[PDB]
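# Secondary and tertiary structure notes
This is what each chain is made of:
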Amino acid sequence: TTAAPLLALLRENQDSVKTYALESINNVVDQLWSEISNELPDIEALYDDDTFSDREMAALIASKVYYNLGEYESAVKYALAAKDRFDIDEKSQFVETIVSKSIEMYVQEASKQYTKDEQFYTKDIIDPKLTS
Amino acid sequence: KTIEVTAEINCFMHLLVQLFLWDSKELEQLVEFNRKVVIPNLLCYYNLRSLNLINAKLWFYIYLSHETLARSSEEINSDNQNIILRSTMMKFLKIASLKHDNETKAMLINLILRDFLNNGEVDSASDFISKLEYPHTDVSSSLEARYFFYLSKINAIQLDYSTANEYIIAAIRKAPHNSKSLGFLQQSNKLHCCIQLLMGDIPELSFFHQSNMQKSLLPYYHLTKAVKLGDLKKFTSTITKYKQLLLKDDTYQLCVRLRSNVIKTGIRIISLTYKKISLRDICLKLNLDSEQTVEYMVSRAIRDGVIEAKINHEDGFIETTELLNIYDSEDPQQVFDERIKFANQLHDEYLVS
Amino acid sequence: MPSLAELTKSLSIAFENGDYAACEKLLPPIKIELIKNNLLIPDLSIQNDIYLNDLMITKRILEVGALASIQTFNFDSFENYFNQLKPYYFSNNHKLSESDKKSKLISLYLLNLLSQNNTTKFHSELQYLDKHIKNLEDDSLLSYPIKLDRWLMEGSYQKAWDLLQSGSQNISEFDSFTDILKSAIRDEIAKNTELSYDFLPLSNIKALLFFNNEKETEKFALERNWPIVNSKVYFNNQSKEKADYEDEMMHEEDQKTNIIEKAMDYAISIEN
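What follows covers the overall build of chain C. The secondary structure content of chain C amounts to 14 helices and 3 strands. Projected onto its principal axes, the C-alpha positions of chain C cover 70 × 70 × 35 Å. In chain C, buried positions account for 42% of the 272 residues. Restricting to contacts in chain C with at least 6 residues of sequence separation, those with at least 24 account for 57%. Of the side-chain charges in chain C, 29 are positive and 43 negative, and the distance between the mean point of each set is 6 Å.

Okay, the UniProt feature "domain: PCI" in chain B next. With numbering matched to this structure, UniProt assigns "domain: PCI" to residues 145–325 of chain B. Structurally, residues 145–325 of chain B is divided into 65% helix and 3% strand, and its ends, taken at the C-alpha atoms, are 41 Å apart.

In this assembly, 12 residues from chain A lie in contact with 14 residues from chain C. Summing the contributions of chain A and of chain C, the shared interface buries around 1,100 Å²; its carbon and sulfur component is 68%. Our enumeration of links across chain A and chain C arrives at 0 salt bridges. Where chain A meets chain C, there are 2 residue pairs in polar contact. Elements with a minimum of two residues in the side of chain A that touches chain C: α1 (4–10) and α2 (15–25) of chain A. Take the side of chain A that touches chain C: its biggest share by element is 4 residues, from α1(A). When the residues that make up the side of chain A that touches chain C are grouped by side-chain class, the tally is 6 nonpolar, 4 polar and 2 charged.

What the rule picks out here adds up to 19 salt bridges over all chains. B:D304 is the salt-bridge partner of B:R303, the closest N and O atoms lying 3.3 Å from each other. Here B:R303 falls in the partly exposed class, since its relative accessible area comes to 28%. Of the charged contacts, one joins C:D49 and C:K59 as a salt bridge, the two residues approaching to 4.0 Å between their closest N and O atoms. Taken together, the residues C:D49 in the loop between α2 (20–35) and α3 (55–72) and C:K59 in helix α3 connect sequence positions 10 residues apart. Overall, C:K59 belongs to the buried group, its relative accessible area being 6%. One continuous salt-bridge network, built from bridges that share partners, spans B:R300, B:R303, B:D304 and C:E188.

This part takes up the nonpolar core. Core analysis: the largest hydrophobic core is formed by 72 residues, its most contacted members being A:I36, A:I43, A:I61, C:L11 and C:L110. Element by element, the count of residues in this core is highest for helix α5 (residues 55–69) of chain A, at 9 residues. Discounting residues that sit within four places of it in the chain, A:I61 has contacts with A:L22, A:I25, A:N26, A:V29 and A:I43. B:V37, B:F60, B:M107 and B:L108 belong to the second-largest nonpolar core, a separate cluster that totals 50 residues.

Let us now look at the packing of aromatic side chains. The final tally for this structure, using the stated rule, is 24 aromatic pairs over all chains. For the ring pair A:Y67 and A:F94, a centre distance of 4.7 Å and an interplane angle of 75° mean the geometry is edge-to-face. Taken together, the positions of A:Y67 in helix α5 and A:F94 in helix α7 (residues 93–116) put the pair 27 residues apart, joining distant regions of the chain. Relative accessible area serves as the criterion here: at 5%, A:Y67 is assigned to the buried category. Overall, the relative accessible area of 12% leaves A:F94 in the buried class. An aromatic cluster of three or more residues is present, and its members are B:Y296, C:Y157, C:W161 and C:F210. The ring of C:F90 is capped by C:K131, whose NZ or CZ atom sits 4.8 Å from the centre of that ring. Above the face of the C:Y144 ring, C:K147 is positioned so that its terminal group lies 5.3 Å from the ring centre.

Moving on, we come to the interface of chain C and chain B. Counting residues at the interface gives 44 residues for chain C, matched by 40 residues for chain B. For the pair chain C and chain B, the interface holds 2 salt bridges. Its salt-bridge partner being C:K95, residue B:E74 comes within 3.6 Å of it at the nearest N-O pair. For the interface between chain C and chain B, the tally reads 12 residue pairs in polar contact.

This part is about the environment of B:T320. Residue and element names in this part refer to chain B. Positionally, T320 belongs in the loop between β3 (318–319) and α17 (331–352). Judged by relative accessible area, which is 12%, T320 ranks as buried. A C-alpha to C-alpha distance of 9.5 Å links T320 and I307, two positions 13 residues apart in sequence. Ignoring sequence-local partners within four residues, the contact set of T320 consists of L272, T273, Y274, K275, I277 and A309.

So, about the sheet that holds strand β1 (residues 276–277) of chain B. The strands making up a sheet associate through hydrogen bonds between their backbones, and the pairing can be parallel or antiparallel. All names here are of chain B. Strands sit in the order β1-β3-β2 across an open sheet of 3 strands; the sheet is antiparallel. Looking at the sheet topology across the chains shown, the edges are occupied by β1 and β2 (310–311). Taken together, the 2 bridges between β1 and β3 define a ladder with antiparallel strand orientation. Its bridge partner lying in β3, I277 is registered against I318.

Before going further, it helps to spend a moment on the sheet that holds strand β3 (residues 232–233) of chain C. Residues and elements named next belong to chain C. Spatial strand order, β1-β3-β2: 3 strands in an open sheet with antiparallel pairing. Only two strands of the sheet have a single partner each, and these edge strands are β1 (200–201) and β2 (228–229). As paired strands, β1 and β3 are joined by 2 bridges and run antiparallel to one another. Paired with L200 across the strands is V233, a residue of β3.

With that settled, the discussion passes to a nonpolar patch on the surface. Taken together, the side chains of B:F342, B:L346 and B:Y350 define a hydrophobic patch exposed on the protein surface, amounting to about 340 Å² of accessible area. Mapped onto the elements of the fold, B:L346 is located in helix α17.

Conventions adopted
- Residues numbered from 1 in each chain as written, not as in the entry; some residues may be left out.
- Chains lettered and ligands numbered in written order.
- Part of a larger assembly, values for the part shown.
- Heavy atoms only, no water.
- Helix = DSSP H or I, 4+ residues; strand = E, 2+ residues; numbered from the N terminus.
- Buried < 20%, exposed > 50% of the residue type's maximum accessible area, 1.4 Å probe, protein only.
- Contact = heavy atoms within 4.5 Å.
- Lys, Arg positive; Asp, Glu negative; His and termini not counted.
- Charge placed at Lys NZ, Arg CZ, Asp CG, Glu CD.
- UniProt positions renumbered as here; feature names shortened; annotations may be inferred.
- Buried area = accessible area lost by both parts, 1.4 Å probe.
- Salt bridge = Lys/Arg side-chain N within 4 Å of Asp/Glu carboxyl O.
- Polar contact = N/O pair within 3.5 Å; in protein donor to acceptor, adjacent residues only side chain to side chain.
- Nonpolar A, V, L, I, M, F, W, Y, C, P; charged D, E, K, R; others polar.
- Core = buried A, V, L, I, M, F, W, Y, C linked by side-chain atoms within 4.5 Å.
- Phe/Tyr/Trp six-rings, centres within 6.5 Å; stacked < 30°, edge-to-face > 60°.
- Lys NZ or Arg CZ within 6 Å of the ring centre and 35° of its normal.
- Pairing = 2+ DSSP bridges.
- Patch = residues over 30% accessible without salt bridge, like charges linked within 9 Å, V, L, I, M, F, W, Y side chains within 5 Å.
- Areas by Shrake-Rupley, 256 points an atom, 1.4 Å probe, with all protein chains shown as cover.

In structure tokens:
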């Protein structure tokens, strides 16, 4: 169909419009991701902002959008950042694949970090979100 | 238990093929049951292996009857049915692999792409184009031809004539299997004929005599003559008469896009010629095209690349070069680069076989 | 129209009486009151537009907003309202969304696609409806953009100028789009002017460009690069001044060399 209606409202530029467009956006991101991709700059900007109220939902959407493109690490950054709305004791096929990718990423940092100091492990000193 | 579950899946597939037009009475009456067998995650349930015992062509036939506002009969006016189905096919793509299981993969992208072409936008199209490209050794001859058929239509809209020209020619090659001697061949043929006209002109119909009905052949002859004579009046009339065909294909835009080529072709036929060219002689030629805009049309011609010529309007005479002599324009170099690609690419696949 | 004591009714009446500036301020708080609730959409529960919280509230506000957005001269705002409204009509929902206001809205959408400088997008929108040929001919309003596009397709600088000026809607709210459109054309003719030049009179360039001021033309002749003496424009030949050129950026033989040299190294690697 079209996500062009939903996105029109995102550009109106207030709190209510951000939240409605977000909660709509979560449901059918995956099929309509194409259209949404162009507004991915607004979504990331909302991300590390809070002039609106949608941040953790914005990170969530962005993860879903990134996913559908084929940028898994990019999606992974934002899935983490979605924080309280992202949970690994809840599984969909989507969830399985980015937890998998989050471990790979963690593996990569850990190879490098062992060689560097062999008690890296005795503290967090790597990304907290990953560790969690 | 195991053997019985595989058997269970064969029986649902089988049932689903039977209850169509193919092997049973009328597809529309039957549609609701065909839809019950798909829907409540029995399609899902099929994941013993990949979808390649049921095919995109089949999912196409059930879904079109359900919904298209002309077979449904404006049954509903919403694409609620397709939105769930497109999502579910999208959901399959994620868990699909590309390296050795792209039998399910190409088929799902075919069904999704199709729906955009039926009703959607040419904007979102770009992502679907890039996703599609996956080996053409995994899918049947029938399935390869359909994949090319849809890809070629999509490429035409973007005005990539050349790419579609290659895919279409490959598409309709041989016939070890059906829908390359049937109705599907005629649909391909019409779209190929259109793409060549778009490039410049089609002036061969030798193949088409034998693989298309008489009703198609007449409109093919009328178009090629209009475009070759350059005559706009015959071309316009050809669209006017075969209005029913252009509507049918669902692409009345072609008429709008091609008409511009005809007026361009007319200006070309009589080349640049002599070193100075008289206004009158050219005026006569442009008068045919449009006769109260001699100076504007000739100006438009130069900017466009129909012609290149140099003008004085304080003398009102046209100056030209006439070039029929083909010195090097990177032309050996181009040959070599192309050949190293041609030899390697061909070479590797042939070697694997 | 007039208030029954509700936000849509107050907005309809406010638009009618002028007050286009008031309508722009108001539209935000009205959108917000809706925004919190399950609205903004015809919904997925729709079966008829008869009952509330469906298509009818959303459409009346959209039709008024688009029309307002042109008066106010906000093309951007207009893109948002167009973006909802075109899907309401037919792309997943119904076959109507739009009444007698339809013709005006659609005539503005055809011109908006044309004005962004895409024949291809203009054609795409028509195909999408599959209602193309009947709508485009029957409505008088629709028939001016199709005339415009046709004239674009054919060429006809002179025809195109004529359609645009002579029409009813140009006075109205095609007015808005006139400047965008004009800009598209003025760049096409300038690039044609240097390349097919060699000499031309100042009077000729004025007339072609359809300039209403002699002085404007002289500003414009200088602007493109074209140096002038009186009653004449002169050019630096056939490669300059408001083609690409008069802005010096191009002309080389090093890129070809590189590609040739890479092709050798790639050829060598295979053979041995």
